[PDB]
Amino acid sequence: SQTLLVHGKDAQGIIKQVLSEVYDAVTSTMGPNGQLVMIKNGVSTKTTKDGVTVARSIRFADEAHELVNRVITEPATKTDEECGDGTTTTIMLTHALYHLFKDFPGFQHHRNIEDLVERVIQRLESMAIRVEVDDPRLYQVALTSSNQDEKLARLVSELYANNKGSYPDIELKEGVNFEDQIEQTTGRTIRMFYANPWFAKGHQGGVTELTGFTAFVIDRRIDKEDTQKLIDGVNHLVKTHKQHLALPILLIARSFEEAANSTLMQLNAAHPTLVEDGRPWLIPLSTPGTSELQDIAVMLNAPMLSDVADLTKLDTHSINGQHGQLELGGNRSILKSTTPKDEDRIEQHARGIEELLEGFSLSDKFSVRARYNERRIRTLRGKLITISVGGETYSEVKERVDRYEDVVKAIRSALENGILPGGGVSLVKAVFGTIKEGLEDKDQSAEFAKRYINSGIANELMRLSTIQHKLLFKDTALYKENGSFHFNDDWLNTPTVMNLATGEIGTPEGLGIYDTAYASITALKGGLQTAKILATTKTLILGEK
Amino acid sequence: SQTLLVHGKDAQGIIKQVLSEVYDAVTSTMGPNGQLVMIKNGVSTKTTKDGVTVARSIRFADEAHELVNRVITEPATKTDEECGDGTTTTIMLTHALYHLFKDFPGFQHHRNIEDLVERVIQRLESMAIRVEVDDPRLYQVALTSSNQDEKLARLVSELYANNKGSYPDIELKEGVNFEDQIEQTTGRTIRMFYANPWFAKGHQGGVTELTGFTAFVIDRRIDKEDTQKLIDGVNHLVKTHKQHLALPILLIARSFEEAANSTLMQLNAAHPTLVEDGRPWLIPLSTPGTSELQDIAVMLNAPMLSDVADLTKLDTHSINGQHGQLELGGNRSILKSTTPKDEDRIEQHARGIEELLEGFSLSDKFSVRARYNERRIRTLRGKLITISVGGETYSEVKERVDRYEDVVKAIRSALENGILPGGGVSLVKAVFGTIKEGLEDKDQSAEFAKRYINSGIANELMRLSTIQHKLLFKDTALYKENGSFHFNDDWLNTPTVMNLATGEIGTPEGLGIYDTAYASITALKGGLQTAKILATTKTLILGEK
Amino acid sequence: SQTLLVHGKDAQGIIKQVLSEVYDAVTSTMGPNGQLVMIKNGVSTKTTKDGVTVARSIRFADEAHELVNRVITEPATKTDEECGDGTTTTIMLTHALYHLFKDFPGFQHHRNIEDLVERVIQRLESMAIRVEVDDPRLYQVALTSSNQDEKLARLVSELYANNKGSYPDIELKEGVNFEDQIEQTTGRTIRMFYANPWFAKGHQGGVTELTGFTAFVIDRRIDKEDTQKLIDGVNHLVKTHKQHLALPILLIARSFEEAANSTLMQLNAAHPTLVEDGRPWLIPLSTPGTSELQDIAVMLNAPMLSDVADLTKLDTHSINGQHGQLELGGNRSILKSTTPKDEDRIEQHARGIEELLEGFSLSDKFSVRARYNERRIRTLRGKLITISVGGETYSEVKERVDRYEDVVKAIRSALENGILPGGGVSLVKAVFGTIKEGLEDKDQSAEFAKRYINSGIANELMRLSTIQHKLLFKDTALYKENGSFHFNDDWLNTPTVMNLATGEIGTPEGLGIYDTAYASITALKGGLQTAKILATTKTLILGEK
Ligand SMILES: Nc1ncnc2c1ncn2[C@@H]1O[C@H](COP(=O)(O)OP(=O)(O)OP(=O)(O)O)[C@@H](O)[C@H]1O
Ligand SMILES: Nc1ncnc2c1ncn2[C@@H]1O[C@H](COP(=O)(O)OP(=O)(O)OP(=O)(O)O)[C@@H](O)[C@H]1O
Ligand SMILES: Nc1ncnc2c1ncn2[C@@H]1O[C@H](COP(=O)(O)OP(=O)(O)OP(=O)(O)O)[C@@H](O)[C@H]1O
Ligand SMILES: [Mg+2]
Ligand SMILES: [Mg+2]
Ligand SMILES: [Mg+2]
């Protein structure tokens, strides 16, 4: 607390200090050849090469430095929390693009750097190699994202390929044995669960399996206001429409407050003739994006309802009690048995969501909105699998669980969005291409030249695409010959890289080195934003009021 | 705590230091091109360009320095809290005018600077372009005050323009979805609320809806002194005048203390024949400027009463029980159903307040006295709308709620008081107008020249009106040609600026760049005083006694 | 707390600093000639030469230095916890191999050094001399591991050799006398113990001896979820199948939570007719690697059961109550009386585990997978013995107990995995052999030369195998002649060392100086990993988040 207000040269000096320091730490771990980072936590030592673990746990002494560090880190951290294996690439570009912005000052040049890089992103978005579960490149992506795990990459891509038709939902648990072990189900993970522990079998939050139910989906949150309409709706359903009904009745909703749960507890005891072996016949279920409830409505053949008063106005046309098989739970509910008739309804709805995605724009296909609709698809069409991951020690078990989870994340987002050739090649093909497109285009060559090429940003941006390919293979066999390396036309057609596991040289395509499309795009997208913010900030305020 | 008394050279040296530091930090965030500010708060980083959020959160290490900072910050902070988008302009002029005051010392010159700038405020006040909700310039103000929000400016201007007759009262909630959602009501927000939670339906502070009531507005604050007269008045109303009475009875007042609420609770229990389904038939209501209660009286057809003893001396002439529809609440009460007979009374009372604003002086029209009276008009004639603002994250939703809030505040005060051409032009036109008006006027040129032109103040002030235009457009396409820029007669007739979003050059009128009149006027008003205060201070005291 | 982020030159310097200080301290204790280390602990002084004790309790002032010290110390400490006598070796090589990694930089050389040393490991693994309990080398191993204890080594070797057939399980107690005293039993230590103290005789955790029982092994952890099925299973067993039953019933499992134990307390009280002299007839037993319960199932003739619901569906074909003799206990249970009919079942299961080890790989034979399976064999076939260790003080008794425990750990892992000739010789033979093997082989001598010999790695790695032999005998009778020492053919065929206890010179085989194979292997394996880690670290982080 010497100076709480830092403006101008000093500010940009500290920004540049923190960036370059964070850059040298995190990039050192990149690739399988990356060098290590030892981290302190109290009385132990987590020694690692995982870039996400380095990025997250770097800390600074000065509040002003740490203020900048959080701006560089929380974008890269946030990539893996949604993607899987692509954090270090984000920080690299943040550094490279920041260095660019400062090379070309004046806030027309800045707007030209934004526009050019956004057009490079579009080339990557179009480059996306779409892939099916049959494909052996899935193994290659998983082999890439696992730091060469012969055993692991083989399991997951087999597990996806062996379910050629339905997209698997995988969960992980700490295993007891040395060997791993799999637990396949024909079950669908559903996002609903108990409102109160009383509504389970045994009356204490147990896992209630059922062989028949009659579901209803409400949109509104239920609190002290709704207590009248529940008694109206429930006694209407059991008194009038008891003929076409399979117990128990599920009331699926957004939220159930403690006032509403106590009322529905009394409604179960009101009709004790329907209580078979202790099981309550009425269960309220909660879910923590209103379309995720429409899925739940569609899965269980339940009607969609907007108000709690709508339960009175119902008929056999809208009420349909399923004779399937459900497992209600405290964390989540699981549907197992689905008749061919019910799966027919769910696939037709699943095509409808895929038909919205088919016609989305190119950049819209990599949006949050798009990834949220693909989440809904996996909920509907997707079997449940539970892998108990093993190892020699407990610490290898827990370490291996993380490397399983990174792979699962990558394979899913690979076939979802796309795949690209790795080794920092796809980035170089993209930049060098986007320059050649607008320049070769005689229509806009006039102005395209005057902004980018004429100014010299094009050639700067071309040198920066190299960074990754330099970081990986500078000081290896590939770079020993011919001083540095000639990025000529002959390379651009058939791009040579080195596999750092085996040692051999060839194309990324031939050697089997692939990145996920969503990573290297979202790295660049976030890399630009965070490079801009750093480059365009001129003031730091340390005063907690 | 070295020195607790600072006089003279040392005192002004700190003021100049603090004013220059706060200037550089805040004015860097001006315009859409504006550079950013990172702010610490514990373990997070709010990075922003909003000059308010910067201004408010600047802190200084030395107590002496922070003493002066509070004086420079609180006026600019206090502009947004009543206007919406007009804070950075305040600090700019506070700097600019401080420099003017010190350039011309001696307390005859000081008096002259005030008078000249005060006449410049009048020329701004007369430049105010009055605008209807119909007008497409409302979009242009909203667009400007939103930093180019195509979606937001369109929505709020559509919402005002679709209600061409009744001025909307908007509120904002944290929305769940990606999309926004709109909740239009035919309701008027009223400032009364429950004294005690016992008086609602269910006896715990709930939202009691009613379809009939008989209100009585009291002026005085109620405490232990008034417990006798309530029992006199209440039993007089129920025993004698029960025939012309619709329950419940509303006792609206300034403040109900805990002694009086315990008495009225017993008065409800005293007559249990009138308690219809729990609802207490007597409710005391509180409000946190006595004419706001006169509005509440006119809305509910209740008689205005000075003393609590007046409740006995009443008749069927003074008492009038409404059969409308009211919703009593803990934060505020709302009236929805109003019979065309009632809105005939309310509109006539609304015109009567507009009668006072028509004939007010020009400088009186921008006062607090004026704006408070306009607050009354919106309480009387105004529908209620509640927008649940959405987005991708929680932080974007809360970020976007403020940008909604700032646009609403602007649009309201735009049509309320006026609209001016932005881009720091209007200020130049104002100063170059005021100097020429007094100079060209044959009657007062003899003395006008001797004060302002001969002493050199006019030329100083002419240069300072440029400050805003220079900060925005220096280092751009507009200032590149011909060194600096020529503010000649050719410019004053048709003033050129640069739209910083698009990059094209033109008039503020032609490009659609508009500041609110109340902002740029209250920026100057506040600029002068605060500049005066800083320039006319020669002693700082730090001692907590 | 000056800097929390150490990168590059600074990082490697501290690693080298710490390694070379930890090397100097621990290696000085090596062999019987080793020099001493005094260690503080509050208000006393443990003065020692046992390398494990040195390494573990070395600390550093700077957090950065202690960060690295944990990485050097935790591997060698973790050798003796499983192996017995082999920590200083591990550190010695960690130093040596680190040195090598730095001499040959560039990460193709790093992969070469690994592959070469990995083949040196294989040659040691093949050099492993397998040994029977009858053999007099077991004494020679013990003699080495005890720093020459004539009285101790003789006992433990005599103890294993007198039980020529069954592998003795040894435990230790602090004795009262000067002399040692032994307590032989025909008892088998079993890993089950009381869930709750209520289930023992006297109802407070006592040692309940039984002469008849009927055991049942459950796989799952038992908590509040399983309380229904236990009452279903227990009353099914006692009501239906009471004829073929010997009390008490033992419910062996993974874990019994306090909800399940309170249920079984009521089930004993439910049938008081079967309570003979206080003893509860139903005991739940817990165990803190799923195949160890299959051993417990086989030892007691109990059926293996996955679910708790399986107890209902049972028959005389699956149920068999033993009429042996068991001793239940708080820490562990003990089986004494086993009929020849039972031991036939247990020996056949033991051979079945051994037939898995017959068919393992050479490198897999030294795995934790292998060592866990061999732990199962000793539990099955293995008589119990308890030695109360004596001495002249309390401190010598406790000192001597550790040296017993090292010899037991060594002798067990010697005959388990193998024996090698000590005096640092087998390391020199292995390295000098592995070089000559690949070189001599005309098939691969083309490339083997190009990688290892031509580069100079071979000659460096050969020099480093000397390290151990140099540190023992440099500055002795063996090294005084001929300046340094010639490691020619003549030596390799008959490798001369010195017995530092006597003084005389001869072969390690002849003098009787033998290392445990598992030690000098797992030292090298660990030395390579930890050298690599140290040599490939270029970032230290001290930030406590
Ligand atoms: N065998 C290989 N040969 C060459 N390059 C490889 C190989 N495996 C991975 N890469 C490259 O290394 C880069 C990925 O590095 P790495 O996985 O260490 O960091 P990241 O994916 O950016 O972030 P994270 O720490 O989340 O994994 C990719 O550009 C990829 O092409
Ligand atoms: N597209 C544009 N082109 C040119 N000038 C613009 C544009 N948009 C806004 N401005 C100018 O920016 C100034 C307003 O600055 P800004 O909105 O950053 O701060 P403020 O309104 O003083 O306070 P606050 O921080 O509360 O918004 C006005 O003078 C206006 O003319
Ligand atoms: N009488 C002896 N003559 C020659 N060498 C010996 C003799 N006794 C032991 N050694 C050698 O000394 C080495 C063992 O030393 P030491 O027991 O101090 O190391 P360590 O086993 O790694 O440490 P710790 O026993 O604390 O785990 C072996 O190489 C062994 O061959
Ligand atoms: Mg990874
Ligand atoms: Mg604003
Ligand atoms: Mg020892």
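Listed as the method for this PDB entry is X-ray crystallography; the listed resolution is 4.0300 Å.

Peer 1: When you look at the overall build of chain A in this model, what are you seeing that I'm missing?
Peer 2: Looking only at helices and strands, one finds 20 helices and 20 strands in chain A. Summarising its shape, the C-alpha atoms of chain A cover approximately 85 × 65 × 55 Å along the three principal directions.

Peer 1: Can you help me understand the site of ligand 3 in this one?
Peer 2: Residue and element names in this part refer to chain C. Looking at ligand 3, there are 25 residues lining it, with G86, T87, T88, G423 and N499 nearest. Within the backbone of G86, an N or O atom sits 2.7 Å from an oxygen atom of ligand 3. Between ligand 3 and the protein, one listed contact pairs an oxygen atom with a side-chain N or O atom of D515 at 3.0 Å. In the complex, 95% of the free accessible area of ligand 3, which totals 640 Å², lies under the protein chains.

Peer 1: I tried to follow the side chain of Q322 of chain C on my own but got confused; where do I start?
Peer 2: All names here are of chain C. By the secondary structure assignment, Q322 is in the loop between β12 (304–305) and β13 (325–327). At 3.4 Å, the side chain of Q322 and the side chain of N301 are in polar contact. Filtering out sequence-adjacent residues up to four positions away, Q322 remains in contact with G212, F213, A246, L300, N301, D342 and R345.

Peer 1: Explain the site of ligand 1 to me, please; I cannot follow it from the model alone.
Peer 2: Residues and elements named next belong to chain A. Around ligand 1 there are 23 residues in total, and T87, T89, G423, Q468 and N499 lie nearest to it. Within the backbone of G86, a nitrogen or oxygen atom sits 3.0 Å from an oxygen atom of ligand 1. The protein chains hide 95% of the 640 Å² of surface that ligand 1 would expose on its own. Secondary-structure elements contributing two or more residues to the shell around ligand 1 are α2 (51–57), α4 (88–103) and α16 (457–473). When residues of the shell around ligand 1 are assigned to their parent elements, the largest contribution, three residues, is made by α16. Residue composition of the shell around ligand 1, by class: eight nonpolar, twelve polar and three charged.

Peer 1: Looking at this structure, how should I read the UniProt feature "binding site: Mg(2+) 1" (unreviewed entry) in chain A?
Peer 2: Residue and element names in this part refer to chain A. Feature annotation in UniProt places "binding site: Mg(2+) 1" (unreviewed entry) on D50, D85 and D406, given in this structure's numbering. Relative to the helices and strands, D50 resides in the loop between β3 (44–48) and α2. Owing to a relative accessible area of 32%, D50 belongs among the partly exposed residues under this scheme. Relative to the helices and strands, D406 is located in helix α13 (residues 394–417). Since its relative accessible area comes to 18%, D406 is described here as buried. Among all residues touching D406, those that are not within four sequence positions of it are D50, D80, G84 and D85.

Peer 1: Where do I start with the interface of chain A and chain B in this structure?
Peer 2: One widely used convention gives an interface's size as the accessible area the parts lose upon coming together. Chain A puts 28 residues into the contact, and the matching count from chain B is 26 residues. Contributions of two or more residues to the side of chain A that touches chain B are made by β1 (5–7), α3 (63–80), α12 (368–380), α20 (517–536) and β20 (537–541) of chain A. Residue composition of the side of chain A that touches chain B, by class: 14 nonpolar, eight polar and six charged. Bridge count between β20 of chain A and strand β2 (residues 36–40) of chain B: four bridges; the pairing is parallel. Bridge pairing links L540 of chain A to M38 of chain B in β2 of chain B.

Peer 1: How do you make sense of the UniProt feature "binding site: ATP 2" (unreviewed entry) in chain A when you look at a structure like this?
Peer 2: All names here are of chain A. Residues annotated by UniProt as "binding site: ATP 2" (unreviewed entry) correspond here to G31, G51, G86, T88, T89, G423, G424, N499, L500 and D515. By the secondary structure assignment, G424 is in the loop between β16 (419–421) and α14 (426–440). Given the relative accessible area of 3%, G424 is considered buried. Tracing the sequence through the fold places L500 in the loop between β17 (497–498) and β18 (505–506). When residues no more than four places from it in sequence are discounted, the contact partners of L500 are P32, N33, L472 and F473.

Peer 1: Explain the interface of chain C and chain A here, please?
Peer 2: Across the boundary between the two partners, chain C contributes 30 residues, which contact 27 residues of chain A. Contributing elements (two or more residues each) for the side of chain C that touches chain A: β1 (5–7), α3 (63–80), α12 (368–380), α20 (517–535) and β20 (537–541) of chain C. Broken down by class, the residue content of the side of chain C that touches chain A amounts to 14 nonpolar, ten polar and six charged. Summarising the sheet, strand β2 (residues 36–41) of chain A and β20 of chain C pair through three bridges and their orientation is parallel. Across the sheet, residue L36 of chain A finds its bridge partner in β20 of chain C, namely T537 of chain C.

Peer 1: Help me understand the side chain of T466 of chain C in this model?
Peer 2: Note on placement: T466 of chain C falls in helix α16 (residues 457–473). Apart from the residues within four sequence positions on either side, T466 of chain C is in contact with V428, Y479 and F487 of chain C.

Peer 1: I tried to follow empty space enclosed by the protein on my own but got confused; where do I start?
Peer 2: A water-sized probe, rolled over the atoms, reveals where empty space remains. Residues and elements named next belong to chain B. Empty space within the largest cavity amounts to approximately 670 Å³. Along the walls of the largest cavity sit 34 residues, with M30, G31, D85, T144 and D515 positioned nearest its centre. Of all elements in the fold, only α2 (51–57), α4 (88–103), α6 (137–145), α17 (467–473), β19 (514–516) and α21 (517–535) reach the threshold of two or more residues within the lining of the largest cavity. Grouping the constituent residues of the lining of the largest cavity by class yields eleven nonpolar, 17 polar and six charged.

Peer 1: Before we go on, may I ask you to explain the packing of helix α7 (residues 150–161) of chain A against α13 of chain A in this structure?
Peer 2: Any two packed helices are characterised by how steeply their axes cross, that is the angle between the axes, and by the distance between the axes. Residues and elements named next belong to chain A. Across the interface, α7 lies against α13 with an axial gap of 11 Å and an inter-helix angle of 45°. It follows that α7 is oblique to α13 by the angle criterion. For the pair α7 and α13, the crossing hand works out as right-handed. Here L152, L155, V156, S157 and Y160 of α7 come into contact with α13, specifically with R403, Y404, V407, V408, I411, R412 and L415. Looking at side-chain class alone, the contact of α7 with α13 contains nine nonpolar, one polar and two charged residues.

Peer 1: Got a minute to help me understand the environment of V308 of chain A in this structure?
Peer 2: Residues and elements named next belong to chain A. Mapped onto the elements, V308 comes out in the loop between β12 (304–305) and β13 (325–328). Spatially, the C-alpha atoms of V308 and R345 are 25 Å apart, while their sequence positions differ by 37 residues. Excluding anything up to four places from it in sequence, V308 contacts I218, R220, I222, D226, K229 and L230.

Peer 1: How should the pattern of salt bridges be read in this particular structure?
Peer 2: Side-chain pairing between opposite charges can occur once the charged atoms of the two side chains come close. What the rule picks out here adds up to 80 salt bridges over all chains. Among the ionic pairs, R191 of chain B bridges to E292 of chain B, the shortest N-O distance being 3.3 Å. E292 of chain B shares its class with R191 of chain B; the two are buried. Members of the salt-bridge network, linked through shared partners, are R111, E114, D115 and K532 of chain A.

Peer 1: Can you help me understand the packing of aromatic side chains in this one?
Peer 2: Geometry of an aromatic ring pair is reported as the spacing of the ring centres plus the angle between the planes. The final tally for this structure, using the stated rule, is 19 aromatic pairs over all chains. On the numbers, 4.8 Å between centres and 70° between planes, the contact of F448 of chain C with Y452 of chain C is edge-to-face. Here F448 of chain C and its partner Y452 of chain C are both found in helix α15 (residues 445–453), four residues apart, which amounts to about one turn of the helix. Of the two residues, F448 of chain C and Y452 of chain C, neither departs from the other in class, the shared state being buried. An aromatic cluster is built from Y479, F485, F487 and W491 of chain A, whose rings are joined through pairwise contacts. One residue, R154 of chain C, lies across the ring of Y139 of chain C, its end atom 4.1 Å from the ring centre.

Thresholds applied
- Residues numbered from 1 in each chain as written, not as in the entry; some residues may be left out.
- Chains lettered and ligands numbered in written order.
- Part of a larger assembly, values for the part shown.
- Heavy atoms only, no water.
- Residues with missing side-chain atoms left out of burial classes, pairs and counts.
- Helix = DSSP H or I, 4+ residues; strand = E, 2+ residues; numbered from the N terminus.
- Near = heavy atom within 4 Å.
- Polar contact = N/O pair within 3.5 Å; in protein donor to acceptor, adjacent residues only side chain to side chain.
- Areas by Shrake-Rupley, 256 points an atom, 1.4 Å probe, with all protein chains shown as cover.
- Contact = heavy atoms within 4.5 Å.
- Nonpolar A, V, L, I, M, F, W, Y, C, P; charged D, E, K, R; others polar.
- UniProt positions renumbered as here; feature names shortened; annotations may be inferred.
- Buried < 20%, exposed > 50% of the residue type's maximum accessible area, 1.4 Å probe, protein only.
- Pairing = 2+ DSSP bridges.
- 1 Å grid on protein atoms, 1.4 Å probe; cavity = no way out; pocket = protein on both sides within 12 Å on 5 of 7 lines; lining within 4 Å.
- Points joined across faces, edges and corners; volume = space filled by probe spheres on them.
- Axes fitted to C-alpha atoms, helices over the stretch in contact; angles between N-to-C directions.
- Parallel < 35°, antiparallel > 145°, perpendicular 65-115°, else oblique.
- Left-handed = near helix turned anticlockwise from the far one by under 90°.
- Salt bridge = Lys/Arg side-chain N within 4 Å of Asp/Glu carboxyl O.
- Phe/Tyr/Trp six-rings, centres within 6.5 Å; stacked < 30°, edge-to-face > 60°.
- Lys NZ or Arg CZ within 6 Å of the ring centre and 35° of its normal.

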